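Shown next as C-alpha cells: one chain only, the form deposited in one PDB entry.
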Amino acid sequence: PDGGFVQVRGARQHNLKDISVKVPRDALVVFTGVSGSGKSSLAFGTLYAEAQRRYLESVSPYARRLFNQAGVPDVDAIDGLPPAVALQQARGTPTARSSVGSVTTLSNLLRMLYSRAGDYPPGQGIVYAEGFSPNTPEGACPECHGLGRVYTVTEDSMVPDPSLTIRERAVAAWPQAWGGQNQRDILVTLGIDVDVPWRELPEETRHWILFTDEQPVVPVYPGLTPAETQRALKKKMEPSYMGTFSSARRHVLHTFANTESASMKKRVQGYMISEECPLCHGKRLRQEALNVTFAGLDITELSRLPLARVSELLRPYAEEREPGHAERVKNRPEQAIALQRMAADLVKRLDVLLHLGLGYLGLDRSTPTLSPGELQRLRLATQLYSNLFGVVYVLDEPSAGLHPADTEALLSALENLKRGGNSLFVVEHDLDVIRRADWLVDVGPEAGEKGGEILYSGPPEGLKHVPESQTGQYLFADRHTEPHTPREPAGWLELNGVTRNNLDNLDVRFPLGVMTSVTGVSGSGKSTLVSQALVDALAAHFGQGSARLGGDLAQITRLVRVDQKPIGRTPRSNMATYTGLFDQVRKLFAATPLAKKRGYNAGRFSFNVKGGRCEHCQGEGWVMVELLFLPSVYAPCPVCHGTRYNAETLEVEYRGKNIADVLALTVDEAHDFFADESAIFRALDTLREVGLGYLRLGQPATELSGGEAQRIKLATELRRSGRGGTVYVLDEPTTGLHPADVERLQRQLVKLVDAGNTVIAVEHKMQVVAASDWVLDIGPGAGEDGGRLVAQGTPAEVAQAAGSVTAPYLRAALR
C-alpha cells in the first residue's frame, strides 16, 4: 500500500478547480474553510457520492447503472476509497417519519422484553414481539387499526352547503377538477337529477350517493345535456368511456388512507370528523398487549418517558437487584435468565445515547420535530453499536446545536467510532473540533468562483504556515473583532407563566431595542421558550402549552420570525422570486423591441405561469428521478436542460442577456448588471451584505443549505425594517457559518437594532453571545434537570454568574 491514503485527482464538482488532494483513511479528517468555498462539493458531492455510486453498481449490476440519469460526480480518479455512509440526509429531501425509538433500534428490543420478561395478568398466556407494535395485524387495535383515532363522515361534513346543485359541486368531498365531474356524469347516466338543489333529492338517493359501497360501471357521455344523454342511451350510441361510481365516503376514506401527497391528505381531512378510539383511549393496540406491564407501565407509558428515565428503571434488573432476586429464581422457567441478559443489553445501548447528552428525548418523539444536530447525533450513537467495520462516515457539522460544555462528549464518540475500524470525513466550523482532528483539508481562499482550491492538506499544526487560510487565522493568529459595549434597553417584554414541555410556570423578561442571546445546554428549553412559547404568544397578540404577555407592549408592532426551513420544498423556488425582484425583471423584458413585436406581456417571462415556460418541467428546470428508491433526487430537465423556458422565449434579450442569462447570474454579477434599476439593485444589495454573493438568482431551493436559506429570509426582511417596532426572533443565525463569516453577519444584526428593532436569537456559540447586549442562560441541565432561568444580564455580567455552565466558556470568549 502507498500509505493509508485516499487519493483524489481532477475533482471539478461545482466550483472545485480541478483539484488533487489526499486524505488518510482510519482517521478523523475535518474539511474546513468559509461557506461557499467548496467543502461539501468535496466531502459529499465528490467523495461520498463516488463511493456510493461504485458500491451500488456492484451490488445491482445494470439494474442501478441508471445513475447517469441522476448524475455522476465530475472527477478524473479516486483511489483507496472504502464504501461510505452519510449520517445526514441529502440537501433537498424530505425527512421520513420515524420515532427516536425506531432510529435507535430500541423500540424493537423492548417489544421482546415485554414478550419474554413482562408482568402478565393472573394467567393470560404469551403475546409475541410482533404484537406489541401498532403497525402489525397481530398488534394493532381492530377499532382504529393502530391509528389511535376513529374517523367518520357525515352528510353535513361532506355537503357543507345543501342549496347547491350536484353540477354546482354540492358534494364538495368529491375530487377537484375532472374527478368530481366524472362522478357527476356517472349520476346523469344513472338518471339522477344533477341540476336540482341537494336537499330536494329523496333521502334514499342522498344516502346512496354519500354512503353506498356499490361501484356500478356505466357508459359515460361528456358534454351532453341530461335529456340528450337519455337519447344517447336509447339509441345505443358509442359511450365515450366506461365510468366507475365511487360514493363520497369511499373516495374520502380511500384518499385519506392511501395518498402520498401531504396537501391532499389535508384537503380530504376537511370533510371528516375525528374522535379518539374507545377500545384504546389514546394508546393504539389490542387491550391484551396493554395488560402486559413493566415497572407498573405498559409499552405506551414507558415510551413517553425520557431515555434517561428508562435507563435508570432498567438497570436494577441488569445488575441483579430488583425488588428482591431470590424471590423468583427457584420458580422461574426461563424468564429471569432472559430478563437479565436483555435489561443489560438495553442499558448498554442506552449509555451510548446518554453519554451523547441525548437522555432528555422520549422514544415516542417524532424525527421531523428534531433539529439537524439532534438526529445526526442519534445516528452517530446508533452506529456506535451497529458493528459496522471498514466504512467511511461522512458528517456535516455534528456540533451544530451543541453547547461548548458538551463537545468532549462528541469528540469522544467520534474517536470510538474511528477505533471500531472506520474513517470519518467531517465538515466542521467548530474550532474545538478542528483542533483535535488527525488531519484537515482547508478549502478555497473565499466563496464561489474565488474559492474551490486546496489551501492545505495535513495535520492541523501545519496550517500555522499557510497565511491565506482564514481557518488558520482564527485558530493560530487570534482574529478578533474588538469588544462590544452593551446598549441600553428601551423597554421590557414580559413572558409570564410559561408552561410547555420542561418549563413549569416560568417568568422571564426580554429587553427591547436591544439584541439578546438565549443560551444553555441542549435540551434545556431555549427553543421551547423562544421559538415555541414566545413566538406563539405574540402571534396571538397580533394579526398572524400556556403563556401570558405583559410589559411595555405599545413599543412592539410586528413579529418577524426567521426559521432554518427552506425557502421552498421544490425547484420552483429561488432567491429571484422569494425576494420579489423577479417581477420587475419580467417588466423589463416585456418592454423590449422584440417582445413588443410579438404580443408578449411580462407573463411570458414567468416560469409559474403557462405560456413562455418549458411545460415539460412546468418551468422548474429540473425533473425528479424516482429511479432512486432511497430518497429521490433531481436531474436537469431533458428538454430545456435547466433554463426553465421554451426556445422562443429565450430569443428575447434585455441588454444582451436572455431571461435564463439573468437567472444564471450570481448575486455579485447581477449587482453589476442592475446597478441603475433601483428596486432590483437594493434587494440584491441586502443579499450581498449578508454573504450570499456566490448564489445564482434562479438557483433552485433544493440545492440550498439551512444557513443559506436563513440568510435569504433575513435579507428579505433587512431593508423593510424602516425605523423600529419589529421584534426579530432568530434560531442559531450562524448555522453553517465560518468564524470569519459571522463577523459579516453580526454587522447586519447591529444595523437592524440601530433601526429600533429587537433581535432575540437562540444561540450556541460564544463568539456571537460575546457581542450581544443582554444574555438569558436557561436551565441547569437538560430535560427534567433544566427549564430554569439560571442567569441573566450583559455578557460580562453573566460570565461571572454562579450555577451557570456557559459562564466559564463565555468568559474565555470575552477579552
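The term rigid core refers to the most C-alpha atoms you can superpose between the two forms while keeping them within 1.5 Å. When you see a residue number, it is the position in the sequence shown, counting from 1.
Look at the stretch from residue 544 to residue 545 and count the residues of the deposited sequence that the entry does not model, then pick none, 1 to 3, 4 to 9, or 10 or more.
In the deposited sequence, 10 or more residues between these two have no coordinates.
For the C-alpha atoms alone, is the average B factor greater in 64 to 72 or in 28 to 36, going by the entry?
The stretch with the larger average C-alpha B-factor is 64 to 72.
Could you check which stretch, 373 to 381 or 259 to 267, carries the larger mean CA temperature factor in the entry?
Result of the comparison: 259 to 267.
Select one of 704, 209, 549, 354: the residue whose C-alpha shows the highest B-factor in the crystal structure entry.
Of the candidates given, the C-alpha B-factor peaks at 549.
Which of these, 244, 247, 516, 124, has its C-alpha atom at the highest B-factor, as the entry lists it?
If I rank 244, 247, 516, 124 by C-alpha B-factor, first place goes to 124.
Would you check the entry's CA temperature factor for residue 345 and let me know if it's in the chain's lowest, middle or highest third?
Answer is lowest: the recorded C-alpha B-factor places it there.
Sort the modelled residues of this chain by their C-alpha B factor and say whether residue 145 lands in the lowest, middle or highest third.
Ranked within chain, residue 145 CA B lands in the highest tercile.
Please place residue 458 in the lowest, middle or highest third of its chain according to the CA B-factor in the PDB entry.
Middle third of the chain for residue 458's C-alpha B-factor.
Would the CA B-factor of residue 762 place it in the lowest, middle or highest third of its chain?
It falls in the bottom third of the chain.
For residue 607, does the deposited CA B-factor place it in the lowest, middle or highest third of the chain?
Residue 607: CA B-factor falls in the lowest third of its chain.
The same protein also exists as the form deposited in another entry; that form is not shown, yet it is the one meant from here on.
Of 715, 186, 729, 417, which one has a Cα that moves 2 Å or more between the shown form and the other one once the core is lined up?
Flagged residue: 186.
Can we say the CA of residue 246 moves by at least 2 Å between the shown form and the other one when the core is superposed?
It does, since the residue 246 C-alpha is displaced 2 Å or more between the shown form and the other one after the core fit.
On a core-based superposition, does residue 234 travel 2 Å or more at its Cα between the shown form and the other one?
After core superposition, the C-alpha of residue 234 moves 2 Å or more between the shown form and the other one.
Indicate whether residue 293 shows a C-alpha shift of 2 Å or more between the shown form and the other one, with the rigid core used for the fit.
Result for residue 293: yes, a 2 Å-plus shift.
Considering a change of 3 Å or more, are the Cα atoms of residue 637 and residue 178 closer or farther in that other deposited form than here?
Compared with this form, residue 637 and residue 178 lie farther apart in that other deposited form.
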